[PDB]
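Data block for final_22.cif (mmCIF, N, CA and C atoms):
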data_input
loop_
_atom_site.label_atom_id
_atom_site.label_comp_id
_atom_site.auth_asym_id
_atom_site.auth_seq_id
_atom_site.Cartn_x
_atom_site.Cartn_y
_atom_site.Cartn_z
N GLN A 1 0.86 -1.22 0.00
CA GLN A 1 0.00 0.00 0.00
C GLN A 1 0.88 1.25 0.00
N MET A 2 1.62 1.47 1.06
CA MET A 2 2.50 2.66 1.11
C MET A 2 3.96 2.22 1.03
N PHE A 3 4.67 2.68 0.03
CA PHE A 3 6.11 2.29 -0.11
C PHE A 3 6.70 2.94 -1.36
N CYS A 4 6.21 4.10 -1.74
CA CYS A 4 6.73 4.77 -2.97
C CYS A 4 6.95 3.73 -4.07
N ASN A 5 7.76 4.02 -5.05
CA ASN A 5 7.98 3.04 -6.15
C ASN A 5 9.27 3.37 -6.89
N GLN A 6 10.02 2.36 -7.23
CA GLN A 6 11.31 2.55 -7.96
C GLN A 6 12.43 2.81 -6.95
N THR A 7 12.44 2.09 -5.86
CA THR A 7 13.50 2.27 -4.83
C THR A 7 13.14 3.46 -3.92
N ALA A 8 12.62 4.52 -4.48
CA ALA A 8 12.26 5.70 -3.65
C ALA A 8 11.56 6.74 -4.53
N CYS A 9 10.43 7.24 -4.09
CA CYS A 9 9.68 8.25 -4.91
C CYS A 9 9.23 9.41 -4.02
N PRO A 10 8.71 10.40 -4.67
CA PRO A 10 8.23 11.58 -3.92
C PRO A 10 7.03 11.20 -3.06
N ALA A 11 6.26 12.16 -2.67
CA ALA A 11 5.08 11.86 -1.82
C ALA A 11 3.82 12.46 -2.44
N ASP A 12 3.72 12.43 -3.74
CA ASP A 12 2.50 12.98 -4.40
C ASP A 12 1.29 12.19 -3.90
N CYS A 13 0.67 12.63 -2.84
CA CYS A 13 -0.51 11.89 -2.30
C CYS A 13 -1.59 11.82 -3.38
N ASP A 14 -1.57 10.80 -4.19
CA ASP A 14 -2.60 10.67 -5.26
C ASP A 14 -3.94 10.29 -4.64
N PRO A 15 -4.97 10.99 -5.05
CA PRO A 15 -6.31 10.68 -4.50
C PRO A 15 -6.77 9.30 -4.98
N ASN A 16 -6.10 8.75 -5.96
CA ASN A 16 -6.51 7.42 -6.48
C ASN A 16 -5.59 6.34 -5.89
N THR A 17 -4.39 6.71 -5.52
CA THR A 17 -3.45 5.71 -4.94
C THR A 17 -2.79 6.31 -3.69
N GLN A 18 -3.56 7.00 -2.89
CA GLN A 18 -2.99 7.62 -1.65
C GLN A 18 -2.04 6.63 -0.98
N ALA A 19 -0.76 6.76 -1.22
CA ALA A 19 0.21 5.82 -0.58
C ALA A 19 1.64 6.25 -0.92
N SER A 20 1.87 7.51 -1.13
CA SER A 20 3.25 7.95 -1.46
C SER A 20 3.75 8.95 -0.43
N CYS A 21 2.87 9.44 0.38
CA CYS A 21 3.29 10.41 1.43
C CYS A 21 2.86 9.92 2.81
N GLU A 22 2.13 8.84 2.84
CA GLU A 22 1.72 8.27 4.15
C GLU A 22 2.83 7.34 4.61
N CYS A 23 3.67 7.00 3.69
CA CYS A 23 4.84 6.13 3.96
C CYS A 23 4.46 4.84 4.68
N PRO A 24 5.23 3.83 4.39
CA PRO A 24 5.01 2.52 5.03
C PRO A 24 4.96 2.67 6.56
N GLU A 25 5.08 1.58 7.27
CA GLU A 25 5.04 1.67 8.76
C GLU A 25 6.08 2.67 9.24
N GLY A 26 5.71 3.91 9.35
CA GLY A 26 6.67 4.95 9.82
C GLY A 26 7.88 4.99 8.87
N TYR A 27 7.68 4.66 7.62
CA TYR A 27 8.82 4.69 6.67
C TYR A 27 9.60 5.99 6.87
N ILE A 28 8.90 7.07 7.04
CA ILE A 28 9.57 8.39 7.25
C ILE A 28 10.05 8.96 5.91
N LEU A 29 9.52 10.10 5.52
CA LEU A 29 9.94 10.72 4.23
C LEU A 29 11.46 10.87 4.19
N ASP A 30 11.96 11.65 3.28
CA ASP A 30 13.43 11.84 3.18
C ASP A 30 13.75 13.33 3.09
N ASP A 31 14.91 13.68 2.62
CA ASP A 31 15.28 15.12 2.50
C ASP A 31 14.64 15.71 1.24
N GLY A 32 13.97 14.90 0.47
CA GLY A 32 13.33 15.42 -0.77
C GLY A 32 11.88 14.96 -0.84
N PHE A 33 11.18 15.04 0.26
CA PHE A 33 9.77 14.59 0.26
C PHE A 33 9.68 13.25 -0.48
N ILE A 34 10.75 12.49 -0.50
CA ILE A 34 10.69 11.17 -1.17
C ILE A 34 10.45 10.10 -0.12
N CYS A 35 9.32 9.45 -0.16
CA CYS A 35 9.08 8.39 0.85
C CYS A 35 10.01 7.22 0.54
N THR A 36 11.09 7.11 1.25
CA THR A 36 12.05 6.01 0.96
C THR A 36 12.99 5.79 2.15
N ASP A 37 13.90 4.86 2.04
CA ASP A 37 14.84 4.61 3.16
C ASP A 37 15.96 3.68 2.70
N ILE A 38 17.19 4.10 2.84
CA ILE A 38 18.33 3.24 2.41
C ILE A 38 19.41 3.24 3.49
N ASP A 39 19.63 4.36 4.11
CA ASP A 39 20.67 4.43 5.18
C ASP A 39 20.53 5.74 5.96
N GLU A 40 21.19 6.78 5.52
CA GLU A 40 21.08 8.08 6.24
C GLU A 40 20.21 9.04 5.43
#

Could I get this file's structure written as structure tokens?
Amino acid sequence: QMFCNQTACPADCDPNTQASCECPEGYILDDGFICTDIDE
């Protein structure tokens, strides 16, 4: 459901696929409103 796409994506909360800014279980956005996580 929530996990951006392509390793890491922005958080365009799409009204049809609301799941890019809600982030996975506390996924936590990034320094570029990209809902993702790799290290720091």

Practice task
Identify all residues satisfying the PyMOL selection byres ((chain A and resi 35) around 7) in the given file; provide them as a PyMOL selection string.
Solution key: chain A and resi 3-5+7-11+20-21+23-24+27-30+32-34+36-37

Handout entry: Separation of atom C of residue 6 in chain A from atom C of residue 19 in chain A in Å
Key = 12.8 Å

Practice task
Would you mind reading off the distance between atom C of residue 15 in chain A and CA of residue 38 in chain A, one decimal, in Å?
Solution key: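 Answer for the atom C of residue 15 in chain A to CA of residue 38 in chain A separation: 26.9 Å.
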
Problem - Point-to-point distance in Å for atom C of residue 2 in chain A and atom C of residue 16 in chain A - result: 12.5 Å

Exercise for the section: For residue 18 in chain A, work out the shell of residues within 7 Å, counting all atoms listed in the file and skipping chain neighbours fewer than 4 positions away, then give it as number ranges by chain. Expected result: A: 1-2, 12-14, 22
